[PDB]
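Enquirer: Got a structure for you, questions after.
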Amino acid sequence: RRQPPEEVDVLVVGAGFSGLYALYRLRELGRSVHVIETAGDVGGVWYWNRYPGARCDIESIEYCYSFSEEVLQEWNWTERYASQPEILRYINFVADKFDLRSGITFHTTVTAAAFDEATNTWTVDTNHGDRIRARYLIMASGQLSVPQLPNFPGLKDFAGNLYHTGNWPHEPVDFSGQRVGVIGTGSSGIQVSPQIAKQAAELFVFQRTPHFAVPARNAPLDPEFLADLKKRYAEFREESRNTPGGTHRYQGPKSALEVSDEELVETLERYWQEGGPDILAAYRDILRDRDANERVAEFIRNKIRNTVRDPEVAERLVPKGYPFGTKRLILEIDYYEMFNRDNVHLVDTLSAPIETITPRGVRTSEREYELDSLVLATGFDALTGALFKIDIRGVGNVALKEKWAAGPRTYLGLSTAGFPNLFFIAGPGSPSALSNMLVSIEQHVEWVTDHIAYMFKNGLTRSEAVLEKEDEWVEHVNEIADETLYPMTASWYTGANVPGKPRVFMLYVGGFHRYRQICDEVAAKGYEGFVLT
Ligand SMILES: Cc1cc2nc3c(=O)[nH]c(=O)nc-3n(C[C@H](O)[C@H](O)[C@H](O)COP(=O)(O)OP(=O)(O)OC[C@H]3O[C@@H](n4cnc5c(N)ncnc54)[C@H](O)[C@@H]3O)c2cc1C
Ligand SMILES: NC(=O)c1ccc[n+]([C@@H]2O[C@H](COP(=O)([O-])OP(=O)(O)OC[C@H]3O[C@@H](n4cnc5c(N)ncnc54)[C@H](OP(=O)(O)O)[C@@H]3O)[C@@H](O)[C@H]2O)c1
């Protein structure tokens with residue numbers, strides 16, 4: 001274990017994409033910097049989510065770092081969408097290439113942090129009894145990083161084996177000959193389920209609200225195409241940075257309302273055969289207008305009905321009650337096809353709610369299911385869950401957990417008034433998961449670490465967001481969300497999946513590009529909306 005230093009210019013919490021880049025860039029900027037991370041090695045989500053089928057939904061060529069020309073030229077992606085093992089190899093490659101581990105303490109969880117107004121510094125404690133004095137504190141602790149259990153009793157009475165996809169065993173788990181249940185059909189359950197169906201004697205899929213999924217159509221990556229792309233890589237990334245969604249997705253200029261049914265069908269059919277998430281921007285108003293949205297959703301529901309032979313089973317898979325795209329769009333690989341197998345069962349817990357877990361399985365309001373193993377694909381305590389596990393204290397002993405009890409309050413998502421010198425990477429109040437996260441994450445890490453270099457350059461030692469600019473930012477974030485269909489639906493974006501958590505859409509929806517312009521204008525004017533001393 002790397003004993004962490006007693007004093008540092010910048011402390012970083014988290015060694016996933018965000019944390020490693022912050023460590024890297026801070027080093028280049030001549031600052032002392034060190035990382036604390038709970039896990040035994042680097043990766044973040046790609047270290048933790050080792051469940052079979054784990055795979056990215058953003059193209060390998062887009063979902064990657066661009067800060068290093070060498071890494072761009074040297075690394076060879078192999079598939080349209082990178083599997084978890086492949087991305088963890090990439091992360092390991094990058095960590096090795098810049099000697100990053102020497103600046104990280106592993107197996108160590110930060111527990112508390114308190115700002116000292118006398119010294120303009122943070123003092124940060126860990127579960128190993130370490131205390132670290134840092135002038136700046138960068139929370140790179142994730143968006144989807146605290147596993148959430150589902151809300152029913154009897155979990156600790158189950159006699160069989162119990163798993164969560166976000167805390168998956170390090171060695172392959174063997175489901176051979178078993179009766180297996182999976183609870184949850186978001187992207188984790190959609191990915192892990194077809195893999196388990198290949199080992200288990202019987203698989204029970206416990207669905208509540210159906211999520212919309214479209215075919216991935218993964219494929220080998222052409223090494224022609226790659227070597228070619230490599231010739232203009234820095235240029236291609238810059239094209240992805242100047243978009244709402246951080247990828248080469250085509251921005252459809254028309255309205256899903258202006259077009260005829262025939263042109264609607266033909267256009268959606270070509271996104272469907274191509275595969276991938278780009279259908280989300282097929283028409284400009286899919287996320288803005290309920291009647292627009294509904295023509296798309298209805299096309300997708302019919303595609304779903306047509307994938308499964310038994311029509312009672314197919315109708316059970318059709319998403320109902322919320323607009324298309326307002327929960328995260330999922331990419332599926334042999335998920336729908338799966339339900340055509342003899343040994344796979346769709347359990348509709350909308351009609352038959354789960355009452356309790358029992359020693360032998362799952363009780364709904366209609367019957368009991370006997371199981372040997374149970375897999376929880378029940379998601380995460382998103383965006384705030386990880387910060388809330390740490391006792392973070394601002395000016396006048398204000399707890400972050402209390403100040404944000406009605407939902408997260410930030411200027412630009414980057415900082416919160418009352419908490420000087422503290423930064424969140426790609427979290428609430430910013431574009432975050434509504435963009436290619438590597439483009440969200442690089443922008444934030446660049447902006448924060450520039451900011452810090454600006455502070456040190458100019459002999460300043462305290463950076464704090466102006467409370468009024470915060471409040472105006474929060475209202476702004478809420479106002480632009482309320483022009484979309486996003487706040488209409490219960491998802492983890494809204495916090496609706498953690499019992500008692502306030503239901504407020506937590507993300508900036510105006511697009512990465514515009515958000516980035518705003519941050520650039522701010523930093524240009526000497527960090528307008530911050531007070532520096
Ligand atoms: C399974 C999965 C697949 C994903 N696929 C996509 C994809 O399709 N497209 C996309 O753009 N992004 C996707 N993401 C979202 C993902 O959050 C981002 O892509 C990116 O990986 C986040 O990187 P990060 O470093 O900011 O956070 P993380 O990868 O979550 O890393 C945070 C790290 O901090 C650690 N940590 C938290 N609290 C503490 C503490 N108190 N003390 C010490 N350490 C702590 C955690 O152990 C974790 O290792 C996916 C998320 C998941 C869960
Ligand atoms: N390739 C990828 O892109 C990929 C893969 C995995 C994860 N991720 C990222 O992580 C986010 C979370 O993915 P996720 O699938 O882990 O979590 P999720 O999207 O939060 O879905 C959790 C699932 O479990 C269900 N659930 C929760 N509580 C339940 C209960 N008490 N009873 C029955 N069912 C219950 C939810 O049902 P309801 O919807 O009815 O609440 C939903 O089906 C994704 O949206 C994406 O951002 C990405």
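We label chains A, B, ... in the order they appear in the structure tokens, count residues from 1 in each chain, and number ligands from 1 in the order shown.
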Residues at most 8 Å from ligand 2, using only C-alpha atoms and all ligand atoms? Could they come as a PDB file with N, CA and C atoms, in the first residue's frame?

Expert:
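To be explicit, this is the file written out as pocket_15.pdb:
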```
ATOM      1  N   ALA A  54     -20.632  -7.276 -19.905  1.00  0.00           N
ATOM      2  CA  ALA A  54     -20.295  -5.873 -19.706  1.00  0.00           C
ATOM      3  C   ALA A  54     -19.556  -5.281 -20.914  1.00  0.00           C
ATOM      4  N   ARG A  55     -20.077  -4.178 -21.438  1.00  0.00           N
ATOM      5  CA  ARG A  55     -19.683  -3.646 -22.739  1.00  0.00           C
ATOM      6  C   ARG A  55     -20.176  -2.193 -22.874  1.00  0.00           C
ATOM      7  N   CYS A  56     -19.371  -1.362 -23.500  1.00  0.00           N
ATOM      8  CA  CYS A  56     -19.729   0.048 -23.679  1.00  0.00           C
ATOM      9  C   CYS A  56     -20.825   0.231 -24.745  1.00  0.00           C
ATOM     10  N   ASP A  57     -21.635   1.268 -24.603  1.00  0.00           N
ATOM     11  CA  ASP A  57     -22.659   1.600 -25.601  1.00  0.00           C
ATOM     12  C   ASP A  57     -22.193   2.753 -26.538  1.00  0.00           C
ATOM     13  N   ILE A  58     -21.050   3.389 -26.281  1.00  0.00           N
ATOM     14  CA  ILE A  58     -20.453   4.425 -27.165  1.00  0.00           C
ATOM     15  C   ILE A  58     -19.274   3.754 -27.886  1.00  0.00           C
ATOM     16  N   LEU A 144     -21.862   6.610 -11.334  1.00  0.00           N
ATOM     17  CA  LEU A 144     -22.633   5.371 -11.197  1.00  0.00           C
ATOM     18  C   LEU A 144     -21.770   4.379 -10.417  1.00  0.00           C
ATOM     19  N   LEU A 149     -29.319  -1.502  -3.916  1.00  0.00           N
ATOM     20  CA  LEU A 149     -30.134  -2.707  -3.696  1.00  0.00           C
ATOM     21  C   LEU A 149     -31.611  -2.453  -4.001  1.00  0.00           C
ATOM     22  N   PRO A 150     -32.407  -3.482  -4.328  1.00  0.00           N
ATOM     23  CA  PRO A 150     -33.803  -3.075  -4.535  1.00  0.00           C
ATOM     24  C   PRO A 150     -34.532  -3.016  -3.186  1.00  0.00           C
ATOM     25  N   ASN A 151     -35.711  -2.396  -3.136  1.00  0.00           N
ATOM     26  CA  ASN A 151     -36.389  -2.075  -1.858  1.00  0.00           C
ATOM     27  C   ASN A 151     -37.452  -3.174  -1.495  1.00  0.00           C
ATOM     28  N   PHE A 152     -36.958  -4.292  -1.009  1.00  0.00           N
ATOM     29  CA  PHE A 152     -37.810  -5.344  -0.437  1.00  0.00           C
ATOM     30  C   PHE A 152     -37.018  -6.198   0.557  1.00  0.00           C
ATOM     31  N   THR A 165     -24.400  -6.775  -9.981  1.00  0.00           N
ATOM     32  CA  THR A 165     -23.574  -6.536 -11.164  1.00  0.00           C
ATOM     33  C   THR A 165     -22.477  -5.492 -10.945  1.00  0.00           C
ATOM     34  N   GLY A 166     -22.718  -4.469 -10.133  1.00  0.00           N
ATOM     35  CA  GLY A 166     -21.674  -3.479  -9.896  1.00  0.00           C
ATOM     36  C   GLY A 166     -20.640  -3.807  -8.826  1.00  0.00           C
ATOM     37  N   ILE A 183     -32.983  -9.676 -11.230  1.00  0.00           N
ATOM     38  CA  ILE A 183     -33.873  -8.578 -10.974  1.00  0.00           C
ATOM     39  C   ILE A 183     -33.264  -7.277 -11.534  1.00  0.00           C
ATOM     40  N   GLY A 184     -33.983  -6.710 -12.496  1.00  0.00           N
ATOM     41  CA  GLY A 184     -33.555  -5.486 -13.126  1.00  0.00           C
ATOM     42  C   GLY A 184     -33.372  -5.671 -14.601  1.00  0.00           C
ATOM     43  N   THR A 185     -33.989  -4.801 -15.370  1.00  0.00           N
ATOM     44  CA  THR A 185     -33.755  -4.889 -16.800  1.00  0.00           C
ATOM     45  C   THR A 185     -33.346  -3.569 -17.432  1.00  0.00           C
ATOM     46  N   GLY A 186     -32.449  -2.871 -16.768  1.00  0.00           N
ATOM     47  CA  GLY A 186     -31.837  -1.674 -17.358  1.00  0.00           C
ATOM     48  C   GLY A 186     -30.691  -2.252 -18.149  1.00  0.00           C
ATOM     49  N   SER A 187     -29.668  -1.479 -18.376  1.00  0.00           N
ATOM     50  CA  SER A 187     -28.624  -1.919 -19.277  1.00  0.00           C
ATOM     51  C   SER A 187     -27.766  -3.062 -18.691  1.00  0.00           C
ATOM     52  N   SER A 188     -27.433  -2.970 -17.415  1.00  0.00           N
ATOM     53  CA  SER A 188     -26.804  -4.101 -16.768  1.00  0.00           C
ATOM     54  C   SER A 188     -27.551  -5.443 -16.913  1.00  0.00           C
ATOM     55  N   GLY A 189     -28.850  -5.475 -16.673  1.00  0.00           N
ATOM     56  CA  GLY A 189     -29.561  -6.767 -16.777  1.00  0.00           C
ATOM     57  C   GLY A 189     -29.725  -7.247 -18.202  1.00  0.00           C
ATOM     58  N   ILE A 190     -29.859  -6.264 -19.103  1.00  0.00           N
ATOM     59  CA  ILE A 190     -29.954  -6.567 -20.523  1.00  0.00           C
ATOM     60  C   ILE A 190     -28.640  -7.160 -21.053  1.00  0.00           C
ATOM     61  N   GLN A 191     -27.535  -6.685 -20.529  1.00  0.00           N
ATOM     62  CA  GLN A 191     -26.266  -7.270 -20.898  1.00  0.00           C
ATOM     63  C   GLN A 191     -25.989  -8.600 -20.217  1.00  0.00           C
ATOM     64  N   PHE A 206     -36.838 -10.956 -13.916  1.00  0.00           N
ATOM     65  CA  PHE A 206     -37.780 -10.179 -13.144  1.00  0.00           C
ATOM     66  C   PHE A 206     -37.744  -8.694 -13.567  1.00  0.00           C
ATOM     67  N   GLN A 207     -38.619  -8.375 -14.523  1.00  0.00           N
ATOM     68  CA  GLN A 207     -38.824  -7.060 -15.079  1.00  0.00           C
ATOM     69  C   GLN A 207     -39.848  -6.291 -14.271  1.00  0.00           C
ATOM     70  N   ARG A 208     -39.561  -5.012 -14.053  1.00  0.00           N
ATOM     71  CA  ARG A 208     -40.638  -4.129 -13.606  1.00  0.00           C
ATOM     72  C   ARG A 208     -41.065  -3.257 -14.828  1.00  0.00           C
ATOM     73  N   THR A 209     -40.686  -1.986 -14.870  1.00  0.00           N
ATOM     74  CA  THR A 209     -40.949  -1.176 -16.074  1.00  0.00           C
ATOM     75  C   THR A 209     -40.005  -1.613 -17.195  1.00  0.00           C
ATOM     76  N   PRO A 210     -40.580  -2.020 -18.342  1.00  0.00           N
ATOM     77  CA  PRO A 210     -39.735  -2.283 -19.513  1.00  0.00           C
ATOM     78  C   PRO A 210     -38.936  -1.012 -19.951  1.00  0.00           C
ATOM     79  N   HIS A 211     -37.623  -1.166 -20.215  1.00  0.00           N
ATOM     80  CA  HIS A 211     -36.835  -0.081 -20.778  1.00  0.00           C
ATOM     81  C   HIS A 211     -36.746  -0.220 -22.289  1.00  0.00           C
ATOM     82  N   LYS A 327     -35.793   7.508 -20.001  1.00  0.00           N
ATOM     83  CA  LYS A 327     -34.772   6.702 -19.277  1.00  0.00           C
ATOM     84  C   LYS A 327     -33.621   6.481 -20.280  1.00  0.00           C
ATOM     85  N   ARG A 328     -32.386   6.248 -19.810  1.00  0.00           N
ATOM     86  CA  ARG A 328     -31.265   5.984 -20.761  1.00  0.00           C
ATOM     87  C   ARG A 328     -31.622   4.920 -21.821  1.00  0.00           C
ATOM     88  N   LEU A 329     -31.337   5.242 -23.085  1.00  0.00           N
ATOM     89  CA  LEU A 329     -31.557   4.274 -24.201  1.00  0.00           C
ATOM     90  C   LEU A 329     -30.541   3.164 -24.005  1.00  0.00           C
ATOM     91  N   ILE A 330     -30.972   1.918 -24.148  1.00  0.00           N
ATOM     92  CA  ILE A 330     -30.069   0.785 -23.960  1.00  0.00           C
ATOM     93  C   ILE A 330     -29.773   0.122 -25.325  1.00  0.00           C
ATOM     94  N   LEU A 331     -28.540  -0.387 -25.539  1.00  0.00           N
ATOM     95  CA  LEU A 331     -28.198  -1.229 -26.728  1.00  0.00           C
ATOM     96  C   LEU A 331     -28.235  -2.699 -26.321  1.00  0.00           C
ATOM     97  N   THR A 349     -43.227  -8.140 -13.010  1.00  0.00           N
ATOM     98  CA  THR A 349     -43.519  -7.730 -11.621  1.00  0.00           C
ATOM     99  C   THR A 349     -44.255  -6.392 -11.569  1.00  0.00           C
ATOM    100  N   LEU A 350     -44.658  -5.863 -12.720  1.00  0.00           N
ATOM    101  CA  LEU A 350     -45.599  -4.743 -12.705  1.00  0.00           C
ATOM    102  C   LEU A 350     -46.934  -5.296 -12.315  1.00  0.00           C
ATOM    103  N   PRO A 353     -46.181  -7.630  -8.313  1.00  0.00           N
ATOM    104  CA  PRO A 353     -45.085  -7.028  -7.520  1.00  0.00           C
ATOM    105  C   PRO A 353     -44.366  -7.994  -6.622  1.00  0.00           C
ATOM    106  N   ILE A 354     -43.075  -7.737  -6.474  1.00  0.00           N
ATOM    107  CA  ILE A 354     -42.301  -8.543  -5.588  1.00  0.00           C
ATOM    108  C   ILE A 354     -42.656  -8.216  -4.163  1.00  0.00           C
ATOM    109  N   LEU A 376     -28.526  -9.241  -8.790  1.00  0.00           N
ATOM    110  CA  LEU A 376     -29.140  -7.911  -8.670  1.00  0.00           C
ATOM    111  C   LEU A 376     -28.517  -7.006  -9.699  1.00  0.00           C
ATOM    112  N   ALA A 377     -29.271  -6.724 -10.756  1.00  0.00           N
ATOM    113  CA  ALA A 377     -28.982  -5.648 -11.693  1.00  0.00           C
ATOM    114  C   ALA A 377     -29.856  -4.463 -11.327  1.00  0.00           C
ATOM    115  N   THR A 378     -29.733  -3.963 -10.109  1.00  0.00           N
ATOM    116  CA  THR A 378     -30.727  -2.973  -9.654  1.00  0.00           C
ATOM    117  C   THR A 378     -30.148  -1.584  -9.600  1.00  0.00           C
ATOM    118  N   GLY A 379     -29.032  -1.372 -10.294  1.00  0.00           N
ATOM    119  CA  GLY A 379     -28.555   0.002 -10.514  1.00  0.00           C
ATOM    120  C   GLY A 379     -27.769   0.622  -9.389  1.00  0.00           C
ATOM    121  N   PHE A 380     -27.657   1.968  -9.436  1.00  0.00           N
ATOM    122  CA  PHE A 380     -26.798   2.741  -8.546  1.00  0.00           C
ATOM    123  C   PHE A 380     -27.503   3.922  -7.875  1.00  0.00           C
ATOM    124  N   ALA A 433     -23.484  12.211 -17.752  1.00  0.00           N
ATOM    125  CA  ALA A 433     -23.910  11.050 -18.536  1.00  0.00           C
ATOM    126  C   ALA A 433     -24.820  11.324 -19.756  1.00  0.00           C
ATOM    127  N   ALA A 490     -39.618   8.760 -14.020  1.00  0.00           N
ATOM    128  CA  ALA A 490     -38.880   8.257 -12.899  1.00  0.00           C
ATOM    129  C   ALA A 490     -37.696   7.472 -13.457  1.00  0.00           C
ATOM    130  N   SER A 491     -36.478   8.009 -13.286  1.00  0.00           N
ATOM    131  CA  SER A 491     -35.228   7.271 -13.508  1.00  0.00           C
ATOM    132  C   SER A 491     -34.157   7.678 -12.509  1.00  0.00           C
ATOM    133  N   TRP A 492     -32.994   7.061 -12.642  1.00  0.00           N
ATOM    134  CA  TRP A 492     -31.894   7.406 -11.756  1.00  0.00           C
ATOM    135  C   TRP A 492     -31.389   8.843 -12.004  1.00  0.00           C
ATOM    136  N   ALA A 496     -35.137   8.863  -8.680  1.00  0.00           N
ATOM    137  CA  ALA A 496     -36.391   8.142  -8.355  1.00  0.00           C
ATOM    138  C   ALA A 496     -36.198   6.664  -7.927  1.00  0.00           C
ATOM    139  N   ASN A 497     -35.013   6.127  -8.164  1.00  0.00           N
ATOM    140  CA  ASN A 497     -34.673   4.751  -7.798  1.00  0.00           C
ATOM    141  C   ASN A 497     -34.047   4.534  -6.376  1.00  0.00           C
TER     142      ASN A 497
END
```

Enquirer: Using DSSP on the backbone, list every residue of segment 286-457 of chain A that comes out as helix (DSSP H, G or I), and give them as number ranges by chain.

Expert: A: 290-305, 311-316, 335-338, 385-388, 395-397, 400-403, 432-434, 437-457

Enquirer: A:71, A:64, A:146, A:197: which is nearest residue 439 of chain A, counting only C-alpha atoms?

Expert: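 Result for the nearest residue to residue 439 of chain A: A:64.
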
Enquirer: Using only C-alpha atoms and all ligand atoms, find each residue of chain A with at least one atom at most 7 Å away from an atom of ligand 1; report its shortest atom-to-atom pair and that distance in Å (one decimal), sort the rows by chain and rising residue number, and return the result as a Markdown table.

Expert:
```
| residue | atom | partner | partner_atom_place_in_ligand_line | distance |
| --- | --- | --- | --- | --- |
| A:13 | CA | ligand 1 | 44 (N) | 5.5 |
| A:14 | CA | ligand 1 | 34 (O) | 3.2 |
| A:15 | CA | ligand 1 | 33 (C) | 5.2 |
| A:16 | CA | ligand 1 | 25 (O) | 3.4 |
| A:17 | CA | ligand 1 | 25 (O) | 3.9 |
| A:18 | CA | ligand 1 | 25 (O) | 3.7 |
| A:19 | CA | ligand 1 | 25 (O) | 5.5 |
| A:36 | CA | ligand 1 | 43 (C) | 5.3 |
| A:37 | CA | ligand 1 | 44 (N) | 3.6 |
| A:38 | CA | ligand 1 | 44 (N) | 4.0 |
| A:39 | CA | ligand 1 | 47 (O) | 5.2 |
| A:42 | CA | ligand 1 | 49 (O) | 6.8 |
| A:43 | CA | ligand 1 | 49 (O) | 6.1 |
| A:44 | CA | ligand 1 | 29 (O) | 3.2 |
| A:45 | CA | ligand 1 | 29 (O) | 4.0 |
| A:46 | CA | ligand 1 | 29 (O) | 6.6 |
| A:49 | CA | ligand 1 | 1 (C) | 5.3 |
| A:54 | CA | ligand 1 | 1 (C) | 6.5 |
| A:55 | CA | ligand 1 | 3 (C) | 6.7 |
| A:56 | CA | ligand 1 | 8 (O) | 4.1 |
| A:57 | CA | ligand 1 | 8 (O) | 3.7 |
| A:58 | CA | ligand 1 | 8 (O) | 4.9 |
| A:63 | CA | ligand 1 | 11 (O) | 6.7 |
| A:108 | CA | ligand 1 | 43 (C) | 5.8 |
| A:109 | CA | ligand 1 | 42 (N) | 3.5 |
| A:110 | CA | ligand 1 | 42 (N) | 3.9 |
| A:111 | CA | ligand 1 | 41 (N) | 5.9 |
| A:140 | CA | ligand 1 | 26 (O) | 5.4 |
| A:141 | CA | ligand 1 | 34 (O) | 3.7 |
| A:142 | CA | ligand 1 | 27 (O) | 3.2 |
| A:143 | CA | ligand 1 | 17 (O) | 5.0 |
| A:144 | CA | ligand 1 | 53 (C) | 4.9 |
| A:145 | CA | ligand 1 | 30 (O) | 4.7 |
| A:166 | CA | ligand 1 | 53 (C) | 6.9 |
| A:188 | CA | ligand 1 | 1 (C) | 6.5 |
| A:386 | CA | ligand 1 | 38 (N) | 5.2 |
| A:387 | CA | ligand 1 | 38 (N) | 7.0 |
| A:389 | CA | ligand 1 | 41 (N) | 6.6 |
| A:390 | CA | ligand 1 | 41 (N) | 5.9 |
| A:425 | CA | ligand 1 | 26 (O) | 6.2 |
| A:426 | CA | ligand 1 | 26 (O) | 6.3 |
| A:433 | CA | ligand 1 | 11 (O) | 6.1 |
| A:435 | CA | ligand 1 | 11 (O) | 6.3 |
| A:436 | CA | ligand 1 | 11 (O) | 4.0 |
| A:437 | CA | ligand 1 | 11 (O) | 3.6 |
| A:438 | CA | ligand 1 | 11 (O) | 6.1 |
| A:441 | CA | ligand 1 | 26 (O) | 6.5 |
```

Enquirer: Show me, as a list in words, the residues that have an atom within 9 Å of segment 275-278 of chain A when counting only C-alpha atoms, minus same-chain residues fewer than 4 positions from it.

Expert: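 Surrounding residues, per the criterion: residues 57, 58, 59, 214, 215, 216, 217, 218, 248, 249, 250, 251, 270, 271, 282, 329, 330 and 331 of chain A.
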
Enquirer: With only C-alpha atoms as the counted atoms, please give the residues lying no more than 9 Å from residue 268 of chain A, apart from itself and same-chain residues fewer than 3 positions off, as a ChimeraX atom specification.

Expert: /A:263-265,271-273,279,282,296,299-300

Enquirer: Would you kindly return, as a PyMOL selection string, each protein, DNA or RNA residue with an atom no farther than 8 Å from any atom of segment 130-137 of chain A, considering only C-alpha atoms and excluding same-chain residues fewer than 2 positions away?

Expert: chain A and resi 4-13+120-128+139+421-423+461

Enquirer: For the selection you just gave me, I'd like the residues written to a file as an mmCIF file, in the first residue's frame, keeping N, CA and C atoms.

Expert:
```
data_model
loop_
_atom_site.group_PDB
_atom_site.id
_atom_site.type_symbol
_atom_site.label_atom_id
_atom_site.label_comp_id
_atom_site.auth_asym_id
_atom_site.auth_seq_id
_atom_site.Cartn_x
_atom_site.Cartn_y
_atom_site.Cartn_z
ATOM 1 N N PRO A 4 0.000 7.493 1.731
ATOM 2 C CA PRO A 4 -0.278 8.812 1.135
ATOM 3 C C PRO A 4 0.481 9.930 1.838
ATOM 4 N N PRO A 5 0.917 10.969 1.116
ATOM 5 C CA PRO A 5 1.638 12.063 1.749
ATOM 6 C C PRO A 5 0.793 12.843 2.759
ATOM 7 N N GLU A 6 1.446 13.501 3.711
ATOM 8 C CA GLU A 6 0.731 14.239 4.747
ATOM 9 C C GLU A 6 0.164 15.555 4.220
ATOM 10 N N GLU A 7 0.880 16.166 3.279
ATOM 11 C CA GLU A 7 0.510 17.466 2.701
ATOM 12 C C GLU A 7 0.576 17.343 1.177
ATOM 13 N N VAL A 8 -0.392 17.892 0.466
ATOM 14 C CA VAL A 8 -0.354 17.848 -0.986
ATOM 15 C C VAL A 8 -1.012 19.117 -1.543
ATOM 16 N N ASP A 9 -0.640 19.560 -2.746
ATOM 17 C CA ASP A 9 -1.366 20.695 -3.363
ATOM 18 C C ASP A 9 -2.806 20.306 -3.706
ATOM 19 N N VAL A 10 -2.988 19.094 -4.243
ATOM 20 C CA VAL A 10 -4.318 18.652 -4.712
ATOM 21 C C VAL A 10 -4.562 17.204 -4.321
ATOM 22 N N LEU A 11 -5.675 16.944 -3.647
ATOM 23 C CA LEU A 11 -6.035 15.543 -3.431
ATOM 24 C C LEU A 11 -7.195 15.166 -4.347
ATOM 25 N N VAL A 12 -7.101 13.967 -4.926
ATOM 26 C CA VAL A 12 -8.057 13.493 -5.934
ATOM 27 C C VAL A 12 -8.706 12.248 -5.362
ATOM 28 N N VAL A 13 -10.031 12.176 -5.361
ATOM 29 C CA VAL A 13 -10.668 10.912 -4.888
ATOM 30 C C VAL A 13 -11.178 10.137 -6.087
ATOM 31 N N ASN A 120 -7.306 28.015 4.559
ATOM 32 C CA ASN A 120 -7.811 27.750 3.230
ATOM 33 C C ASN A 120 -7.392 26.382 2.737
ATOM 34 N N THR A 121 -7.601 25.345 3.554
ATOM 35 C CA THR A 121 -7.209 23.964 3.164
ATOM 36 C C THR A 121 -8.256 22.919 3.591
ATOM 37 N N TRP A 122 -8.255 21.783 2.896
ATOM 38 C CA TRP A 122 -9.049 20.617 3.285
ATOM 39 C C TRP A 122 -8.255 19.624 4.147
ATOM 40 N N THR A 123 -8.872 19.084 5.186
ATOM 41 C CA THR A 123 -8.227 17.942 5.809
ATOM 42 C C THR A 123 -9.130 16.695 5.650
ATOM 43 N N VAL A 124 -8.530 15.644 5.101
ATOM 44 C CA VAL A 124 -9.269 14.500 4.560
ATOM 45 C C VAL A 124 -8.822 13.220 5.268
ATOM 46 N N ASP A 125 -9.803 12.456 5.744
ATOM 47 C CA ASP A 125 -9.546 11.229 6.478
ATOM 48 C C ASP A 125 -9.985 9.998 5.712
ATOM 49 N N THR A 126 -9.264 8.903 5.958
ATOM 50 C CA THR A 126 -9.570 7.638 5.339
ATOM 51 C C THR A 126 -9.931 6.584 6.371
ATOM 52 N N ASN A 127 -10.513 5.473 5.908
ATOM 53 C CA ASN A 127 -10.751 4.309 6.778
ATOM 54 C C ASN A 127 -9.471 3.582 7.261
ATOM 55 N N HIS A 128 -8.293 4.033 6.842
ATOM 56 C CA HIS A 128 -7.065 3.445 7.369
ATOM 57 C C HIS A 128 -6.408 4.344 8.418
ATOM 58 N N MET A 139 -13.245 15.822 -6.335
ATOM 59 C CA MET A 139 -14.047 14.591 -6.193
ATOM 60 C C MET A 139 -14.303 13.896 -7.530
ATOM 61 N N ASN A 421 -12.699 25.601 -2.846
ATOM 62 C CA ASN A 421 -11.592 24.741 -3.214
ATOM 63 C C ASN A 421 -11.959 23.273 -3.438
ATOM 64 N N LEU A 422 -13.225 23.022 -3.727
ATOM 65 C CA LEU A 422 -13.704 21.671 -3.873
ATOM 66 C C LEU A 422 -14.373 21.499 -5.235
ATOM 67 N N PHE A 423 -13.945 20.480 -6.007
ATOM 68 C CA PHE A 423 -14.476 20.310 -7.367
ATOM 69 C C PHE A 423 -15.097 18.919 -7.646
ATOM 70 N N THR A 461 -5.364 31.771 -2.939
ATOM 71 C CA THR A 461 -5.482 30.425 -2.292
ATOM 72 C C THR A 461 -6.864 29.886 -1.948
#
```

Enquirer: Write out as a PyMOL selection string each polymer residue whose atoms come within 9 Å of residue 286 of chain A, counting only C-alpha atoms; drop sequence neighbours fewer than 6 positions from it.

Expert: chain A and resi 255-256+280+292-296+323-325+485
